[PDB]
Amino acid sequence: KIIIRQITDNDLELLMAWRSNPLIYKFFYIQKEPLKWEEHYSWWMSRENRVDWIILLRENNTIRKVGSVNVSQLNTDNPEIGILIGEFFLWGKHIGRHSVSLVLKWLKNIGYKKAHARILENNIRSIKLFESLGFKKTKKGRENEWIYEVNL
């Protein structure tokens, strides 16, 4: 079973360690190095019009932090959805999909009509994930980046 809960201060280091793994930041726009704390903290301080959750996976009477899911641009009619699962061997097990659908349901219920994701051309798993939820490539983003959109 999957549950998502809001991020706290305490999760900052775990979030950074996921984002500092090259196996993962190969999929983030222009990131070439692991994160520095001041950049990570500065991101944390400058958060506006967004919600960030930690993904919790329950199995065998254990509950663990497995990734993060977020929406930003909530001051628009088309908020942006981000999804990161930190455990590399959980990929392909629909944890990302289920987590995004939790945020999509929330978005729909609070009145948003659309939502989108920015994805790099090489990020095939993310593409499959969003397309399994009905998103479609509608627009080019920055270089080698594409915007996928859904109707809620």
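Position 1 is the first residue in the sequence shown; the rest follow in order.
- The stretch with the higher mean CA B factor, choosing between 54-62 and 35-43, is 54-62.
- When the C-alpha B-factors of 106-114 and 45-53 are averaged, 45-53 comes out higher.
- Split the chain's modelled residues into thirds by C-alpha temperature factor. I83 is in the highest one.
- When all modelled residues of the chain are sorted by CA temperature factor, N10 is found within the highest third.
- When all modelled residues of the chain are sorted by CA temperature factor, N70 is found within the highest third.
- Compared with the other modelled residues of the chain, the Cα B-factor recorded for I119 ranks in the middle third.
- Among the modelled residues of its chain, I3 has a C-alpha B-factor that falls in the highest third according to the deposited record.
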